[PDB]
2 protein chains.
Amino acid sequence: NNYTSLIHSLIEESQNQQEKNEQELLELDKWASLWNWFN
Amino acid sequence: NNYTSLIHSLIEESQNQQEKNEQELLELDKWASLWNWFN
């Protein structure tokens, strides 16, 4: 019934994946913007 | 620039999504807590 500990682990996993996906998206934007500074 | 709003449209959609998945995980946390408090 350890479900409570595991469910909380899933919650954290869900947040680690969103935060990295978003991080990486803003990496792209910085680069694309520096890139468009020349184009 | 339009890569920027596109990046943001994907950052927003990734937020809403992550929040829905967290809500369905919270609802599972409710049922495991109910399971527990009974028995």
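Proteins get letters first, then strands, A, B, ... in listed order; numbering begins at 1 in each. Below, all heavy atoms of this structure are taken into account, side chains as well, without hydrogens, waters or symmetry copies.
Side-chain contact check for A:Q15 and B:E22: at least one donor-acceptor pair (N or O, by modelled atom type) lies under 3.5 Å.
Scanning residues 3-11 of chain A against chain B with a 4.5 Å heavy-atom cutoff picks out A:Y3, A:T4, A:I7, A:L10, A:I11, ordered by number. For residues 32-39 of chain A, the interface with chain B (any heavy-atom pair closer than 4.5 Å) comprises A:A32, A:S33, A:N36, sorted by residue number.
Residues satisfying the salt bridge (charged side-chain N to carboxylate O under 4.0 Å, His left out) test with B:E27, not counting sequence neighbours, are B:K30.
For the side-chain contact (heavy atoms from CB on, under 4.5 Å) with B:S14, the lone residue among A:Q17, A:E19, A:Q18 that qualifies is A:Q18.
Applying the salt bridge (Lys or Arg N to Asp or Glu O under 4.0 Å) test to pairs two or more places apart or on separate chains, none has a residue in residues 3-17 of chain B.
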